[PDB]
There are 2 protein chains.
Amino acid sequence: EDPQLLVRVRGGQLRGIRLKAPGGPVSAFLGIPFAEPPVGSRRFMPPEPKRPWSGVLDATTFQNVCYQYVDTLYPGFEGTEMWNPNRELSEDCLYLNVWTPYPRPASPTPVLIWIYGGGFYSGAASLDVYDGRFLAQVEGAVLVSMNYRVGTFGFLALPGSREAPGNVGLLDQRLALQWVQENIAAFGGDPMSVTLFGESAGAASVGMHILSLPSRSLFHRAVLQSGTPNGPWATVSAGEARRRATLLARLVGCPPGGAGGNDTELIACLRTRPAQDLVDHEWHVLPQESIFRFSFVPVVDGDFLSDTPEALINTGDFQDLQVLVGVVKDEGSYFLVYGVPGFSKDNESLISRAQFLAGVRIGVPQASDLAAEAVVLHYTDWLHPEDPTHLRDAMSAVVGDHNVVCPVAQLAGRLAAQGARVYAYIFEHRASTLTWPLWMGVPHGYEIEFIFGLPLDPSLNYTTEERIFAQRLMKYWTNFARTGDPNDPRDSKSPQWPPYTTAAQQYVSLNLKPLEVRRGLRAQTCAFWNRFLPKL
Amino acid sequence: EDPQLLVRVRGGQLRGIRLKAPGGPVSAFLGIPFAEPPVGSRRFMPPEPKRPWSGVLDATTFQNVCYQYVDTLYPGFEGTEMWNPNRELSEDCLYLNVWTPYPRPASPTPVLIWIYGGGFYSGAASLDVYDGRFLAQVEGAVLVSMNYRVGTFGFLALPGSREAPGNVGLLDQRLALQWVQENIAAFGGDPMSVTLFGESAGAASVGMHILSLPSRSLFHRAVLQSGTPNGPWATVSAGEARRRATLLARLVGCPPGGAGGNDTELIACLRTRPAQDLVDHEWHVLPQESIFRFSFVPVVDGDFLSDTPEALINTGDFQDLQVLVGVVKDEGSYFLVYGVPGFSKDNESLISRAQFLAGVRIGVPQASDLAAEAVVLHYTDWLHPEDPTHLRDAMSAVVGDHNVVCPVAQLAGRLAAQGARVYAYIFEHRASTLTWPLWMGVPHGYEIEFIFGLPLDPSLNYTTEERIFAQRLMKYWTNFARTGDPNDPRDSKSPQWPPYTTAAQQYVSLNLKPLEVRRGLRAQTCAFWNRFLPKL
Ligand SMILES: CC[N+](CC)(CCCCCn1c(C)cc(=O)n(CCCCC[N+](CC)(CC)Cc2ccccc2[N+](=O)[O-])c1=O)Cc1ccccc1[N+](=O)[O-]
Ligand SMILES: *[C@@H]1O[C@H](CO)[C@@H](O)[C@H](O)[C@H]1NC(C)=O
Ligand SMILES: *[C@@H]1O[C@H](CO)[C@@H](O)[C@H](O)[C@H]1NC(C)=O
Ligand SMILES: *[C@@H]1O[C@H](CO)[C@@H](O)[C@H](O)[C@H]1NC(C)=O
Ligand SMILES: [Cl-]
Ligand SMILES: [Cl-]
Ligand SMILES: [Cl-]
Ligand SMILES: [Cl-]
Ligand SMILES: [Cl-]
Ligand SMILES: [Cl-]
Ligand SMILES: [Cl-]
Ligand SMILES: [Cl-]
Ligand SMILES: [Cl-]
Ligand SMILES: [Cl-]
Ligand SMILES: [Cl-]
Ligand SMILES: [Cl-]
Ligand SMILES: [Cl-]
Ligand SMILES: [Cl-]
Ligand SMILES: [Cl-]
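Structure determination for the deposited model, as stated in its record, used X-ray crystallography, and the stated resolution is 3.133 Å.

Right, dumping it as structure tokens:
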């Protein structure tokens, strides 16, 4: 009976498990419920705090994954399957995980809260790439990661109705943050130093906790990796969420008996449908044929988001905020194989000019004819307009800039203009273990392995250079979470990382070579996306 | 008494003058009338062939300059004054000049016909930069240059009328070309090798002789230097020419007193106006505040131009044609000091961003609001949007690319696609003797000094390197006129000047350094001007 693995929180006693990290033991508490299961008549509704329990509740193991669509495109392929659920799917998914050094730290340790991505349609904190034993052991951090509801279950909304108010997955996240506030001191964490960091939709979620006043008192510093609250895919209007919800209900046969305009009857009918009945029709409600669009995402309800994210970042007061943002080299690459015809992971995806034009219509689905013409003009090389290599790479660049890079640049420019301290990176290193094809470069979400320190595991067959690289990145992130600055205090000789500013526009490259400072994150192109195309 | 200077043409006998070129004598016949003077009742009317004369006509001096505006902006400044009329101004201007070697050539010599520029409001063949003695002495060419009516006197049009059909300055040029066809064998020229070459409006004129079918039997090869028949400034619609002509008539106090109506009466009244009255009022009729816009230019009458120049170059068959086209480094440089505020030749001309926006509204005067926004987007550097130097150069680039470079790129592309043999250049060398300020670079029309071989004159204080440069350029031009190819027929690894094609898009740089082959003349930017921008 180990006294370090027995911890009492508000709700009751917890039993953890001692895990072996490469450099020493860590304490893990996995599957701590922070909310009553959102099942039955709780579906689509905001979460309620987990009722206290009796005896010792077992957290030695990851709990179930929130119910979600599962990626079937390339069965058996490590590239997709690494992101697929590694546990049972259930609507009783609201649980969080805690990693602490062994033993508990003598003094309160800054806390890191990871919010996973997946486009608000998928993901779990039990995935191997989110393993927090390396950060906890090496940098002494207390790392928390929670499961939140995704897809319809988290985001199906009938705006204005009480039964399906929308954004309840964000409310799951917020409840996990309040749980960290109340209970994290018992694990050795400091509730007064709390850094949220996330990738893809998780990153967007982080931004939204910045823009929602009730969430601002639950965290101090924030990191957005390859995602933003603003931009094309991360939010939907009230009317659009009503359209998608009503259409999905229509596909599952809801409501019955003469239909009507009763919202309580529609959501009452939906709450009796098996989860998979909803997931079956999840993708059918997208308004246009598209990639990098997700059916059920945060809605602008005038509640959790008091206004649109763009308006909130434009007019906000960010004076006391410290943000770290960045992108990867090719953000849009693998999205192309998800239904832009001519693109596959098993060949070079050399495409014709017509295939590139159609690809623009899919990858920028909300673009008008004139806006698509502008995108084609901008991304075409008119010395080699037919060159299939440049057409393919330029398609990847269109998707990546549109959905990620340019929204990140917009967010960093706005936050820096409004008084925030912003740090910007671009992750250029392709993992030696990557199973995706060569032409896709560094794809969406492939920096996460190194931030969490997976290369420090020698059994994972990384390179030694990737091990020291991962250690350096863990130093950057942990330094940021601790001091609000990624640079190592005192030090120097280790070229400094300047803050991103409006005048200088300085960002750094994260790769095997030492830190290289650059100016102008896709400056001309993102001026086109962020400035011109709106006028069209 | 000189046996070489007495020459008989179809109209009568003429006696020329022996001139001293730096390396030997040449024969000059200057002021040969090719047309009955377009004076009195013949104003605005097409030219009539010069009726035969008695005696020996004096060829030894330049004749009058066509009545035209005189540049007052910078009095005493060589930069502007070198283009001003150097002879008496008169409405009886129609005369041409012939240069041949001394003695006159034994066997028929390929003929070069120069059509001067000046935006169809100005110019003359008597200017020092158009002096043909160097091409006659050094390269043995027979060079002809003619005066044609400019301004109201050649281009004022009431389309469809008998009394002022429009384009009579172009008909002046054509009549000179027909005269050359009949009479040039008397001077030793070869009527079956005739190369038109011109600059600015002259270049445009050349292009229109290509697109006008009656002019097609008077020449073989063409050279267009910094001008095109297509594009914003070189043509006006029938209705616009009628609008400008009627407005001018009313401004000179010539309705007479009701409005308008009978075109015989409007033109009859307009013919009673002093020449300087017309010149005084000619700039009043420009529809918007603008630079690089000229009031009276060729009109699309459905007669000389069967269709718009863009239409004719898109649908034409050029299969037997040989064209040489090119631009200079900064085309729009000195247009900016003509009333874009903030631009003068006496300072570094560093401008603010607001001055750049207004400057785009002036330099692209027919652009809509959205089109101007697009121009400002494209030409702004978004790493240094406020940098005054980049904004000044960018303003120059807007005017240059809009009026010259991109029209040349469209013409080159269309002629190449439809089967012409196209050679393309970019003139990068700034004359050491240039009086315009440093920031203007190589301005509009400053390659002509070198093409005509003026640096071979030692009194003009050029460099030796510019002597060699001028010689090399004269060899390219006369090689093209002779063979339809600029390249030295007997040579290898000079290197070679390749023909412009749609696939390769190869052009050469003309400067002090040896020929450098480049691809993609203003490829992306002119893709913006020619392809996208129209759709707004
Ligand atoms: C008293 C002056 N007014 C009344 C008659 C007229 C003002 C003169 C016109 C000013 N202007 C404008 C407004 C636009 C424009 O594009 N240009 C052409 C100038 C380009 C350069 C001129 N040159 C030297 C002579 C080059 C150095 C000639 C040249 C040489 C070789 C190739 C090509 C050229 N070229 O193309 O010109 C221009 O001159 C006053 C008045 C009255 C009513 C309305 C407006 C005015 N005003 O605006 O001044
Ligand atoms: C919706 O249905 C419930 C139960 O059938 C009913 O009590 C309620 O009045 C209905 N709402 C409306 C607006 O008809
Ligand atoms: C690559 O594979 C995809 C799917 O198998 C196919 O649609 C595409 O035509 C292929 N591309 C090439 C260049 O063979
Ligand atoms: C123009 O005016 C004259 C006046 O002598 C008149 O005879 C003639 O018919 C008029 N032309 C037209 C087309 O009306
Ligand atoms: Cl283990
Ligand atoms: Cl269980
Ligand atoms: Cl949006
Ligand atoms: Cl196209
Ligand atoms: Cl769009
Ligand atoms: Cl690009
Ligand atoms: Cl008369
Ligand atoms: Cl002869
Ligand atoms: Cl036009
Ligand atoms: Cl019109
Ligand atoms: Cl601006
Ligand atoms: Cl653009
Ligand atoms: Cl540019
Ligand atoms: Cl074109
Ligand atoms: Cl310059």
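Asks: What am I meant to see in the relation of the copies chain B and chain A here?
Replies: Overlaying chain B on chain A yields an RMSD of 0.5 Å, the required transformation being a rotation through 180 degrees with an accompanying axial translation of 0.3 Å. Expressed as an axis order, the relation between the two copies is that of a two-fold axis. Nearest to the rotation axis, the C-alpha of B:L536 is located 4.5 Å from it, this being the minimum over chain B. Mapped onto chain A, 100% of the interface residues of chain B again fall at the interface, so both copies present the same surface.

Asks: Sorry if this is basic, but what is going on with the site of ligand 1 here?
Replies: Residue and element names in this part refer to chain B. Around ligand 1, the structure places 21 residues, and the nearest of them are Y69, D71, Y121, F292 and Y334. Separating an oxygen atom of ligand 1 from a side-chain N or O atom of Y121 is a distance of 3.2 Å. One of the backbone nitrogen or oxygen atoms of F292 is found 2.7 Å away from an oxygen atom of ligand 1. Here ligand 1 loses 76% of its free accessible area of 970 Å² to cover by the protein chains.

Asks: Where do I start with the nonpolar core in this structure?
Replies: Soluble globular proteins tend to bury their nonpolar side chains together. The biggest cluster of nonpolar side chains holds 381 residues, and the ones touching the most others in it are A:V98, A:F187, A:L510, B:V98, B:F187 and B:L510. Residues within four places of B:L510 in sequence aside, it is in contact with B:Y425, B:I426, B:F427, B:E428, B:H429, B:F469, B:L473, B:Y476, B:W477, B:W497 and B:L515.

Asks: I would appreciate a short explanation of the pairing of strand β13 (residues 189-199) of chain B in the present structure.
Replies: All names here are of chain B. Counted residue by residue, β13 has 10 buried out of 11 residues, so it is predominantly covered. Relative to β13, strand β11 (residues 109-115) runs parallel, the two sharing seven bridges. Across the sheet, the residue bridging to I115 is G198, located in β13. Across five bridges, β13 lies against strand β14 (residues 221-225) in parallel orientation. Within the sheet, the bridge partner assigned to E199 lies in β14 and is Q225. After leaving β13, the chain enters helix α5 (residues 201-211) and then returns to the sheet as β14, a path that is right-handed.

Asks: Can you help me understand the state of the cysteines in this one?
Replies: Here a disulfide denotes one covalent bond, and it connects the sulfur atoms of two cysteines. For the structure on display, the rule yields six disulfides over all chains. The disulfide partner of A:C66 is A:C93, and the gap between their sulfur atoms is 2.0 Å. Because the sign of the S-S torsion sets the handedness, a value of about 90 degrees for the bond joining A:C66 and A:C93 places this disulfide among the right-handed ones. Here the residue A:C66 occupies a position in strand β6 (residues 65-66), and A:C93 occupies one in the loop between β7 (89-90) and β8 (96-101), the gap between them amounting to 27 residues. Residues A:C66 and A:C93 agree in their burial class; the two are buried. Across the disulfide, B:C254 is cross-linked to B:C269 (sulfur-sulfur distance 2.0 Å). Its S-S torsion of approximately -135 degrees makes the covalent link between B:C254 and B:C269 left-handed. Taken together, the positions of B:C254 in the loop between α6 (238-251) and α7 (263-270) and B:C269 in helix α7 put the pair 15 residues apart, joining distant regions of the chain. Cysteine pairing for chain A, with bonded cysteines counted in sequence order: 1-2, 3-4, 5-6.

Asks: Honestly, the side chain of B:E91 in this entry has me stumped. Any pointers?
Replies: Residue and element names in this part refer to chain B. Looking at the secondary structure, you find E91 in the loop between β9 (89-90) and β10 (95-101). At 2.3 Å, the side chain of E91 and the side chain of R43 are in polar contact. Every residue in contact with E91, bar those within four places of it in the chain, is listed here: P38, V39, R43, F153 and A275.

Asks: What should I look at first to understand unusual backbone geometry in this one?
Replies: The phi angle of most residues is negative, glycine excepted, and most peptide bonds adopt the trans form. Between A:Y102 and A:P103 the backbone carries a cis peptide bond, its omega angle lying at 0 degrees. Inspection of the secondary structure puts A:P103 in the loop between β8 and β9 (109-115). Residue A:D491 is not a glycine yet carries a positive backbone phi of 60 degrees. For A:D491, the position within the fold is in the loop between α14 (464-483) and β15 (506-510). For B:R522, which is not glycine, the phi torsion reads 40 degrees and is therefore positive. For B:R522, the position within the fold is in the loop between β20 (516-519) and α15 (523-532). Classification of B:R522 by relative accessible area gives partly exposed; the value is 36%.

Asks: Could you clarify how one ought to interpret the interface of chain B and chain A in this entry?
Replies: Interfaces are often sized by the accessible area lost when the parts come together. Listed by partner, the interface residues are 22 residues for chain B and 22 residues for chain A. When the area that chain B buries against chain A is broken down by residue, the three leading residues are B:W382, B:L383 and B:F532, summing to 35%. Our count for the contact surface shared by chain B and chain A stands at five residue pairs in polar contact. Looking at the side of chain B that touches chain A, the elements that each hand over two or more residues are α11 (369-379) and α15 of chain B. With six residues, the top contributor of residues to the side of chain B that touches chain A is α15(B).

Asks: Any chance you could explain α7(B) here in plain terms?
Replies: In an α-helix, one turn spans 3.6 residues; hence positions three or four apart end up facing the same way. Residues and elements named next belong to chain B. Buried within α7 we find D263, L266, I267, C269 and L270. The buried residues of α7 occupy an angular sector of 160 degrees when projected down its axis, which confines them to one face. Buried positions along α7 lie against α6.

Asks: Help me understand the UniProt feature "active site" in chain A, please; the structure alone is not making it clear to me.
Replies: Residue and element names in this part refer to chain A. In the UniProt entry, the feature "active site" is given for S200, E331 and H444. Across 245 residues, the annotated set stays spatially compact, with a maximum C-alpha separation of 10.2 Å. Mapped onto the fold, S200 is located in the loop between β11 (189-199) and α5 (201-211). The class for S200 is buried, based on a relative accessible area of 6%. The residues touching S200, leaving out its near neighbours within four places in the chain, are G117, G118, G119, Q225, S226, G227, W233 and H444. Topologically, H444 is positioned in the loop between β14 (421-427) and α13 (448-451). At a separation of 3.3 Å, a polar atom in the side chain of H444 contacts the side chain of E199.

Each value, and the rule that gives it
- Residues numbered from 1 in each chain as written, not as in the entry; some residues may be left out.
- Chains lettered and ligands numbered in written order.
- Heavy atoms only, no water.
- Least-squares fit on C-alpha atoms.
- Contact = heavy atoms within 4.5 Å.
- Near = heavy atom within 4 Å.
- Polar contact = N/O pair within 3.5 Å; in protein donor to acceptor, adjacent residues only side chain to side chain.
- Areas by Shrake-Rupley, 256 points an atom, 1.4 Å probe, with all protein chains shown as cover.
- Core = buried A, V, L, I, M, F, W, Y, C linked by side-chain atoms within 4.5 Å.
- Buried < 20%, exposed > 50% of the residue type's maximum accessible area, 1.4 Å probe, protein only.
- Helix = DSSP H or I, 4+ residues; strand = E, 2+ residues; numbered from the N terminus.
- Pairing = 2+ DSSP bridges.
- Right-handed = clockwise from strand over helix to strand, strands pointing away.
- Disulfide = S-S within 2.5 Å.
- Buried area = accessible area lost by both parts, 1.4 Å probe.
- Arc of directions from axis to C-beta.
- UniProt positions renumbered as here; feature names shortened; annotations may be inferred.

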